[PDB]
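Within every chain, numbering begins at 1; the chains are lettered A, B, ... in the order of the sequence lines, protein sequences first and strands thereafter. Hydrogens, waters and symmetry mates are skipped; everything else that's a heavy atom, side chains included, is used.
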Amino acid sequence: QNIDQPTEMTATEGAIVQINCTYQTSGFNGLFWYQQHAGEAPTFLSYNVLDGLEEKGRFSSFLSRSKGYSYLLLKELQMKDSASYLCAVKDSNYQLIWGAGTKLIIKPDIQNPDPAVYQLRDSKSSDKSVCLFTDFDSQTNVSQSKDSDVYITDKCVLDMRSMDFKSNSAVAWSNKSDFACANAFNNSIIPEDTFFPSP
Amino acid sequence: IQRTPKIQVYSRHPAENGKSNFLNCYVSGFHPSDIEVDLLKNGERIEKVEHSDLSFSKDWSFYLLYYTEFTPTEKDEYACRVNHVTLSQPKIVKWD
Amino acid sequence: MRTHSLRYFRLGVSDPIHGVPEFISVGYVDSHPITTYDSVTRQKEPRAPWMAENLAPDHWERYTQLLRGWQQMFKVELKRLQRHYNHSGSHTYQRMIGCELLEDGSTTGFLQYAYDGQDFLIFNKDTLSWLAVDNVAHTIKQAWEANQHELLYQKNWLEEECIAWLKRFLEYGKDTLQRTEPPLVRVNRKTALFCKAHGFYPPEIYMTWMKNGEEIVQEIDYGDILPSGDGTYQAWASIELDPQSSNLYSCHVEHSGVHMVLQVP
Amino acid sequence: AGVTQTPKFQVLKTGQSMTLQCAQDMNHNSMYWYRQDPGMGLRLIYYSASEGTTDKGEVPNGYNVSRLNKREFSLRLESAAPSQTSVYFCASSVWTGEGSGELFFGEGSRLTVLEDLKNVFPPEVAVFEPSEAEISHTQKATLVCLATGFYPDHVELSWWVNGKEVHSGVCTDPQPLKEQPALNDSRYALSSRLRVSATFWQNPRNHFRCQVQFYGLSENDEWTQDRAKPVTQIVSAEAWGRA
Ligand code: NA
């Protein structure tokens, strides 16, 4: 008994994504999709047992019993759809077989990108120097540090709701004396027009 | 609605005196499922009497087979005695 | 193959006499019990040796847990029925589910419930709805039909899963279920002509009397097909003789694709 | 309330005992205990198809369960092993022997089982105030909170503005960073940003705090190290707006 779904998928805000699930089981009593936000509980999305397509808001779920195949279709993607999606099948003895889950990553639509690397103010309680790479469009990828005394987070999308404004950012820090925001992200491919304010 | 049991008494094989056989009592068509069944030899209950488990029919009634090993003779008389909630008194069906 | 069927029954009793179970559930392939469960043993167990020899302990352990749950569900459903009927005393609740694989390769599937031995709710897997016989059932029907996914689930179980189970059990029990033992047929007088058959398997048989080459079911007494106790069956049919006219009487028996005629001289 | 399981976080030494609690107030008959591990689907540990019965799932070794009543299904680790580090979910459903009825999950319990508690560290928390270059270029101001050096990854980071917790304009890393990616027991780092308008930042009465709740040891855990016992605790850092 086996269930397979891709490990990770990435699509853009507003677009459509189809998450596939294939299964081989001893008998079949239905196929479930669950949503699980990071750090949270799975919640029920859909159930199919006969062939065809079923719609629930912006989500649809399709089943082909002869092909042993289902997909979960998400349209008009929003940032809130970033989550893992779990497929599960009840077999002939009513046991649930669980797929390993597909992590869905959503790229925001940055309408006015303004890439820049900023030096944040030192804290009197810390020896760290902290640099913020922000406001770049979503095609930019932030690479991990090549230096073991330098730490770089992955990019994060923040939503300033009252301004309907989203931005990507990544943080880099170190306590090394030769660390500088001008070199912090040298291991990444960053926009040619990235703004580096003068020190 | 309650249904009274139909009661049929018969040998496994065509009976021949002196030949070992099985005497069957098939009780069927009754509802509800509680029922009393005794096989009788010359009016006396037979001890070593076996029976199938309660069985279910598609019309929601129940049936059961009661049977005992016996050798029929000319003088011995056999019967089946059944009691059910639909019976004011136990009913006896002689083996013919 | 001949026609074969798989079905599972459940019986619930609301106020059973001491010792007798409040809940029993038995499965059948054709006329053969294959499984049993009740509220006293609380174990699902085989009732045919070819089930015990082909289903691993994991099978009996898992369905034992499911039947413990189905037992509780049946208790709760019966309590709700007896309250809505406003009935006192002991009352019964019954369920039957199953399927048939016809000789020509077509299939049927069925699911129904009974209260006090009478039809109560009958499932139609084509229109995906429940037929209610009265207003208590009408209340249950509305609640069950509100859960469309469960109707779909039952249609898939009846049309696909049940047939798959049936073909699996037919292979396990093939030496029993797919054999043929022809009947031994004889005629005697008692005035009525009796035609008696015994020793046959499967139990499906047709015995009738013809007078001068014509059949008349109204004049014939048909006996039931009865278990002989050794795995075979017996049956009979009788007809009364006309002393006012000379007629040729013959017993006709049909079993597993063989026809037999016994002419009475 | 749905399904309520406790505790949300627990650190355990090898051989220690632990009971996870789960209650459901939905009048469900069937209850379940799952573990979730990276790279694989949920694995059932034990389940309870109805009040008064329980049975093993796929990975019952090292665990036991008790269906105490219709509401409650507890999971017991008699002698914790490192392999039992995992996230545990309790779930319930109306019945088990039916087809379409879904599961309802509890919030999850994250368990880390360690051979030695000397690897447990609380976070260091520091706040870094916005770049003046950012304020002049974008009319916006990003504060950064760093929570560094903690282990295990049992933390909850929150931002507090003028005494009240805020969520708008916050992004916290979904996953912590391993400070030493090769070390198997590496301590972690977590970053978070709060972005506000330049006008809001430039009000000298506005007050910003980042606080990290750490889930660590308790009174009964034995401590023999020279450093301070890394108990459950909140660690925070603040900043004030500047005119
Ligand atoms: Na165990």
Side-chain angles (χ1 to χ4, degrees), chain A residues 8 10 105 114-145 147-158 167-175 177-199, chain D residues 38 119 121-131 133-134 142-153 155 157 171-174 176-182 184-195 210 212 235 237:
Chain A
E8 170 192 299
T10 303
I105 301 171
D114 192 11
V117 178
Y118 297 113
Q119 168 101 84
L120 271 69
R121 299 181 77 76
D122 290 333
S123 163
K124 72 164 65 194
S125 290
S126 166
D127 68 353
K128 294 165 174 64
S129 287
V130 186
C131 303
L132 173 72
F133 180 38
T134 191
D135 297 351
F136 49 91
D137 98 287
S138 301
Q139 301 275 25
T140 298
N141 298 123
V142 180
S143 299
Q144 34 169 271
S145 4
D147 188 338
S148 49
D149 300 305
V150 177
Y151 305 93
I152 300 176
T153 76
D154 199 1
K155 48 173 192 182
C156 212
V157 180
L158 77 76
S167 54
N168 294 305
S169 66
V171 180
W173 67 97
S174 183
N175 69 4
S177 62
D178 64 333
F179 176 78
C181 300
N183 62 61
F185 297 90
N186 276 3
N187 197 39
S188 301
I189 292 183
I190 63 175
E192 300 274 83
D193 54 307
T194 299
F195 170 46
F196 288 86
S198 299
Chain D
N119 290 131
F121 293 84
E124 192 172 339
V125 178
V127 179
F128 302 86
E129 295 184 6
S131 155
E134 185 196 2
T142 310
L143 296 81
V144 168
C145 184
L146 302 181
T148 54
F150 61 96
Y151 190 88
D153 175 31
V155 294
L157 185 152
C171 197
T172 299
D173 299 334
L177 153 161
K178 266 167 180 280
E179 291 184 332
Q180 289 172 296
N184 5 50
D185 41 10
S186 171
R187 296 154 73 171
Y188 296 99
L190 183 73
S191 76
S192 178
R193 317 98 169 108
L194 167 66
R195 201 178 202 177
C210 169
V212 183
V235 182

Quiz item: Are A:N168 and A:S138 close enough that a side-chain donor and a side-chain acceptor fall under 3.5 Å?
Solution: yes
Quiz prompt | Candidate pair A:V150 and A:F179, rule side-chain contact (heavy atoms from CB on, under 4.5 Å), full reasoning | solution = CA-CA 8 Å; A:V150 177; A:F179 176 78; 3.7 Å; yes
Practice problem: Can you see which heavy atom on D:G149 is nearest to which on D:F121, and at what distance? | Solution: O-CB, 3.2 Å
Quiz prompt | Atom of A:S129, atom of A:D122 and distance for their closest heavy-atom approach | solution = OG-OD1, 4.0 Å
Exercise. For a side-chain contact (heavy atoms from CB on, under 4.5 Å) with A:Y118, tell me which candidate from A:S169, A:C131, A:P197, A:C181 qualifies.
Key: A:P197
Practice problem: Output, in order, the C-alpha distance, side-chain angles, deciding distance and verdict of side-chain contact (heavy atoms from CB on, under 4.5 Å) for A:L132 and D:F128. | Solution: CA-CA 11 Å; A:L132 173 72; D:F128 302 86; over 6 Å; no
Quiz item: Would you call D:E134 and D:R195 a salt bridge, using N to O less than 4.0 angstrom?
Solution: yes
Practice problem: Under the side-chain contact (heavy atoms from CB on, under 4.5 Å) rule, what do A:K128 and A:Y151 come out as? Steps first, then yes or no, please. | Solution: CA-CA 10 Å; A:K128 294 165 174 64; A:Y151 305 93; over 6 Å; no
Self-check item: Flag, side chain of A:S188 to backbone of A:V142, donor-acceptor distance under 3.5 Å
Solution: no
Self-check item: Any donor-acceptor N/O pair, A:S167 side chain to A:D135 backbone, under 3.5 Å
Solution: no
Quiz item: If you measure only the distance, is there a donor-acceptor pair under 3.5 Å linking the side chains of D:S191 and D:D173?
Solution: yes
Quiz item: Can you name the nearest heavy-atom pair linking A:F185 to A:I152, along with the distance?
Solution: CE2-CG2, 3.9 Å
Quiz item: What is the distance from atom CG of A:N175 to atom OG of A:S126, rounded to the nearest 0.5 Å?
Solution: 8.5 Å
Quiz item: Is a side-chain donor-acceptor pair under 3.5 Å present for D:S192 with D:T172?
Solution: yes
Practice problem: Dump the intermediate steps for side-chain contact (heavy atoms from CB on, under 4.5 Å) on D:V155 and D:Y188, then the final yes or no. | Solution: CA-CA 10 Å; D:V155 294; D:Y188 296 99; over 6 Å; no
Self-check item: Main-chain N/O of A:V130 paired to A:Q119 side chain as donor or acceptor, under 3.5 Å
Solution: yes
Quiz item: side-chain hydrogen bond (donor to acceptor under 3.5 Å, both in side chains) between D:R193 and A:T153: does it pass, once the steps are laid out?
Solution: CA-CA 11 Å; D:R193 317 98 169 108; A:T153 76; 3.1 Å; yes
